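>>> Based on what follows, work out the 3D shape:
(13 chains, ligands or ions: 1)
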Amino acid sequence: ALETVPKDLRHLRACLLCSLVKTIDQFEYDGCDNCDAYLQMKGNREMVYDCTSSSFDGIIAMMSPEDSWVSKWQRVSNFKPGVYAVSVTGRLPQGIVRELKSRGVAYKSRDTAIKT
Amino acid sequence: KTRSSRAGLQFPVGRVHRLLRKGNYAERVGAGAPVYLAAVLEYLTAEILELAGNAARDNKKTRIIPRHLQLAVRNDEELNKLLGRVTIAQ
Amino acid sequence: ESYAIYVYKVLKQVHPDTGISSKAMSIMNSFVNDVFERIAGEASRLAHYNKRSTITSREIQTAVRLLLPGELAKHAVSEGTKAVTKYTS
Amino acid sequence: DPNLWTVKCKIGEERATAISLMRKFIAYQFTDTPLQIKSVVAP
Amino acid sequence: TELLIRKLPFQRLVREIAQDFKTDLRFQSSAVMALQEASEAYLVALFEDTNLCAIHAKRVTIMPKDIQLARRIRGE
Amino acid sequence: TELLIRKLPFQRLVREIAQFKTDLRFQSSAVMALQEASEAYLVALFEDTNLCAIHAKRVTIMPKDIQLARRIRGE
Amino acid sequence: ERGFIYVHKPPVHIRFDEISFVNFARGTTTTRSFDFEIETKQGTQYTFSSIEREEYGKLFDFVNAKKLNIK
Amino acid sequence: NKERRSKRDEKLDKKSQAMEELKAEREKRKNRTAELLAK
Amino acid sequence: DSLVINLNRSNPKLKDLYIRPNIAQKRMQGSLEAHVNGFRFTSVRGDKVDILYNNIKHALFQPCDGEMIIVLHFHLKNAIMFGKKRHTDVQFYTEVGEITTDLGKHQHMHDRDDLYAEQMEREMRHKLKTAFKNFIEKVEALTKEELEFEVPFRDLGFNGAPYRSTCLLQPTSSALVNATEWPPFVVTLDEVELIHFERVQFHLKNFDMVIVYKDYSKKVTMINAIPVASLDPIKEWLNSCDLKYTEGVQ
Amino acid sequence: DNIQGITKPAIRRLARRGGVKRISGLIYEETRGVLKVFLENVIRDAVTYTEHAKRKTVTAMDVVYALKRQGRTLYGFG
Amino acid sequence: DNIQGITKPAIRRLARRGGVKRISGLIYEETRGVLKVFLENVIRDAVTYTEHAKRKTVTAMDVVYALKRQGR
Amino acid sequence: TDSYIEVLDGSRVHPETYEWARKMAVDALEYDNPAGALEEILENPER
Amino acid sequence: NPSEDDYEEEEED
Ligand SMILES: [Zn+2]
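Numbers count the residues shown, from 1 in each chain, chains lettered A, B, ... in the order given. Here you go, the structure:
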């Protein structure tokens, strides 16, 4: 859709759960689309800056997760089409990560990159 | 004897019970509930009158007046917190 | 009607050597009616919350503790307890 | 499994090409000539 | 003590609003007195709030905007 | 739904100030309802504060703004 | 009839044709906190904050009738 | 009883200490002024 | 009198102090030095201002406990002229506060800058308090108790509006003062004739206070808007101060 | 109308008792409007109670109940 | 001491959600005190309701009753 | 910081002789305060 | 004041 495609290359962040790469204005207005009810990232820049992190690399034109080895490897087959990344360095606070497991949301590390 | 005399209070337990049952605050009312309510009302009235008489003796008067009631209410911190949003004529 | 006679009795008991005014008696009656109404409304709320069909001494005590401030509420609770004890006695 | 191909491009322009390809796909995805591409990579 | 609002104009205003609501109505003297007392108390409270707003605004003259802010912060 | 205060510090503060009656458990839903109420209350207070500041012709709210808001509110 | 005018302290006037879009941002509270921001086609964004809830509901119907870009 | 009154008790204690400190500073000033006037 | 230049080689000194009123168009950062018979304030440029000890009528020290500035206030018996203007009150303060759109326009502040920033702020406050106390003690020891500083009792304060601006007046031990808000408020209790509480009724959540000075040729000091909860405390404070207070309904 | 009957000196005296030292010319009309709104609400509630009780005239008790509903209890007339 | 643990960034987030375009350095302690007062009142009401209900555990229902009593 | 600085540090006089120096200053002024007498002698050495 | 009209007793059961 036209709401998930990034508008301006400058000022862009990425999520850590589903790794949704978009623009800051999109994150502020619409927010995370793949995970909204279990995040409340929409409606403010505060939760955006709290959860997401600009420390990410890679751009892939995800268009068919149901049929794609990249999605099967990255574990994003149950997500909507969009522009995702291949590495996101960060970690959510204890209070933000415990509620995910308490409600029934498995928190996984999307930072597939290696260290040293 | 009257339930007021039975309980030893001075307020009318019977009138309190009748007013409660008339307002229909509940389908029924226990036997201790009305006595307790009458006792609470009597204690509050006794405290108010005590402070008012104290203020009157301070002002050197023989009859309590709304001025003494106001002085008592504004000198007692708790009564103030209780009747802050209350208005009085004159 | 009103609680003027009872207010006069309490006044003569607390200060047997003093009087009162007409406006003062009216203010006292208004105060008595207002306290009665507040406690009754709180008791009705608590009874509806507990799904009970009878206001009890426990309900009245809870209403008093919710309405009056701390020390005053404690003294009123003590007075009501003594009164109900003498009544049941 | 799907195959992976390489295509040259001007040095310094990769994100521009990616967003352009995304726009073209989103524009011609509800027509008689859709794009059969699955994704593109621009490290 | 004394009444700050003129008894006759206030009573006339009360009767005017009562007729506007429903005609052929009658109020008691004590009722009119109670209304006047409640109105005076309400106006004094509102004036105290407006004076606080003006004090905060670093002024001395009270303004209709202060009254509006007072009513807003109160929630009417 | 949205919560800005950290639930663990909030719960710690609640149990520290609930010493009126020592030893009392608070359900998770009870703490959540309290947190929602507190967030809404502080939100309204800051709105009134912004009104007082806009009135004073200052874009930066100051403690006196909140003080005036609470005074007029009757807290 | 064909634009907004804000008075009187530093006044402003924005015609409908000059507005690029509008946004009904919701402030902190859920009552009396509807900022009616107006961004023009020239790039200037005017922020009219502190509006009552009912005023916001009416302005919503008004803007929907005038047909303006509501972001 | 006392466990709950402690708050108002501590408030009154702070007020009494403040008033006592005030009285102490006043007594010191008065004594010093008397000494200066005598010398 | 002329400033007796410091023939004494010690001379206590304090640094980093913004002056009120401003010598120039804006504030001037400078230092203060206690001389044999006064203070010399020197800006970073070189503006010298003298304040003799004998002229100091009251010396107040408002700490940073709950404030954005730690201030030393001097209420003078006579007016001193500087910056081409004469003034009766002086202040030398140092800021310990912060102002931002909300947070730092950034956001990311975890357990390595936020709590660290709080620690730094606390340390700066503590160091400034210690330095001010040291300066006060040195001035007192050098003057041999000829000039005594006063610490205002914050617990005995109450909200008031002397110049029609909600502030927190604080009663020291011989003056009712308030220095954080400029212009300053100072009322010496040695010159107070009495006090009168006007508009003290039941349906009035705020009352006024009227200070009448002994010198009847002066204008009475009227303090408006005071919460009624702060009535009995002010009465007890005045009772301790040995001041006659009366009440008035109008 | 009688809303203007509220004398300028009466509003000034009310403001004085409140604690206002200087009043503006635009205050009197606004105070009259606010007073009219408050009296209208009180009379609305009072007429509702009167229709409930099926009485022909408004009473001090109905006025007190209306004031209580608003949130400003008034003693004396009970 | 958890009134300090309430992360000031949290207060700034709560304030920034509407209109509040700039904040001073003292707003934090003031907001903390106001939150403390409100929590004390609500918890007193809820504890009263719980002691009335006899249960030893405060519940969301008790919290809602306390809020309704306060008129929130 | 919060300590008195011995004025003789700027002079010679080994610290083991500060008491002697203070006593000499006190006796020269023909008094019945150590530091005050020292500060006075440092400015009036003719005594 | 409690006159004779005020000294009246209550009604029967
Ligand atoms: Zn995500």
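>>> Return the set of buried residues in stretch L:7-18.
Buried positions in stretch L:7-18, judged by neighbour count with 16 or more other C-beta atoms under 10 Å in any protein chain shown: L:7-8, L:18. From N, CA and C alone the C-beta is placed, and that goes for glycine too.
>>> export those to a markdown table and tack on secondary structure and distance to residue I:213?
Output for those, formatted as a markdown table (DSSP: H, G, I helix; E, B strand; the rest coil; distance: C-beta to C-beta, whole Å):
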| residue | secondary structure | distance to residue I:213 |
| --- | --- | --- |
| L:7 | helix | 47 |
| L:8 | helix | 52 |
| L:18 | helix | 54 |
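>>> and which of the residues you listed is nearest to chain I?
residue L:7 (8.1 Å; C-beta to the nearest C-beta).
>>> any idea how far the closest one is from chain A?
59 Å (C-beta to the nearest C-beta, to the nearest Å).
>>> Check the burial of the residue in chain B that chain A sits nearest to by counting its neighbours.
Closest approach between chain B and chain A, counting by C-beta to the nearest C-beta: residue B:85, at 36.8 Å. Residue B:85 has 10 neighbours, counted by other C-beta atoms under 10 Å in any protein chain shown.
>>> same thing with residue G:20?
Residue G:20, neighbours per other C-beta under 10 Å, totals 15.
>>> and it, what are its phi and psi?
Phi and psi for residue G:20, reported as degrees, to the nearest 10, are phi -80, psi -40.
>>> So it sits against residue G:44, correct?
No - between residue G:20 and residue G:44 there is no contact under C-beta atoms under 8 Å: 9.4 Å.
>>> Assign residue I:208 to helix, strand or coil.
At residue I:208 the chain is in strand, as set by DSSP: H, G, I helix; E, B strand; the rest coil.
>>> What degree of burial does it show, as a neighbour count?
Residue I:208, neighbours per other C-beta under 10 Å, totals 20.
>>> neighbours of residue J:64, just the number please.
25.
>>> thinking it is in contact with residue E:34, fair?
Yes - Residue J:64 is within contact range of residue E:34, at 6.5 Å (criterion: C-beta under 8 Å).
>>> The residue nearest to residue A:2 when sequence neighbours are not counted: helix or strand, and which one exactly?
Closest residue to residue A:2 apart from its sequence neighbours, by C-beta to C-beta, 6 or more residues apart in numbering or on different chains: residue D:26 at 6.4 Å. Secondary structure assigned from DSSP states H and E places residue D:26 in helix D:15-27.
>>> Could you list the buried residues of that helix?
D:18-19, D:21-22, D:25-26.
>>> Tabulate these (CSV), appending distance to residue A:76.
Below are these laid out as CSV (distance: C-beta to C-beta, whole Å):
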residue, distance to residue A:76
D:18, 17
D:19, 19
D:21, 19
D:22, 16
D:25, 18
D:26, 19
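>>> Next secondary structure after the helix or strand hosting residue E:15?
Element membership for residue E:15 (DSSP H and E) is helix E:7-21. Downstream of helix E:7-21, the next assigned helix or strand under DSSP H and E is helix E:29-56.
>>> show me the residues around whichever residue of chain J sits closest to chain A that make contact.
In chain J, the residue that lies nearest chain A is residue J:71 (33.7 Å; C-beta to the nearest C-beta). By C-beta atoms under 8 Å, 6 or more residues apart in numbering or on different chains, the contact set of residue J:71 is residue B:85.
>>> distance of it from chain G?
19 Å.
>>> One more: residue I:36?
Counting by C-beta to the nearest C-beta, the gap from residue I:36 to chain G is 55 Å.
>>> mind checking the SS state of the residue of chain M found nearest chain J?
Going by C-beta to the nearest C-beta, chain J is nearest to residue M:6 of chain M, at 17.8 Å. Applying three-state DSSP to residue M:6 yields a three-state assignment of coil.
>>> Tell me who's in contact with it.
Taking C-beta under 8 Å, 6+ apart, one finds C:4-5, C:8 in contact with residue M:6.
>>> Return the backbone torsion pair for it.
Torsion angles, degrees, to the nearest 10, at residue M:6: phi -90, psi -30.
>>> Equivalent analysis for residue I:205, please.
Dihedral angles for residue I:205 - degrees, to the nearest 10 - are phi -80, psi 0.
>>> number of nearby residues for residue I:182?
With other C-beta under 10 Å as criterion, residue I:182 counts 14.
>>> quick one: buried residues of the helix holding residue E:15?
Across helix E:7-21, burial judged by 16+ other C-beta under 10 Å covers E:9-14, E:16-18.
>>> now stretch I:199-208
Within stretch I:199-208, judged by 16+ other C-beta under 10 Å, the buried ones are I:199-200, I:202-208.
>>> where's the nearest residue to residue B:34 once chain neighbours are set aside relative to residue B:69, distance?
Closest residue to residue B:34 apart from its sequence neighbours, by C-beta to C-beta, 6+ apart: residue B:17 at 4.1 Å. Note on residue B:17: its distance to residue B:69, by C-beta to C-beta, to the nearest Å, is 28 Å.
>>> Looking at these two, which one has more neighbours?
More crowded of residue B:17 and residue B:69, by other C-beta under 10 Å: residue B:69, with 27 against 19.
>>> Sketch out the helices for chain A, chain order is fine.
A:24-29, A:45-51, A:69-74, A:94-103 (DSSP state H).
>>> Residue E:56: which of those is closest?
Of all these, helix A:45-51 sits nearest to residue E:56, with 29.1 Å by C-beta to C-beta.
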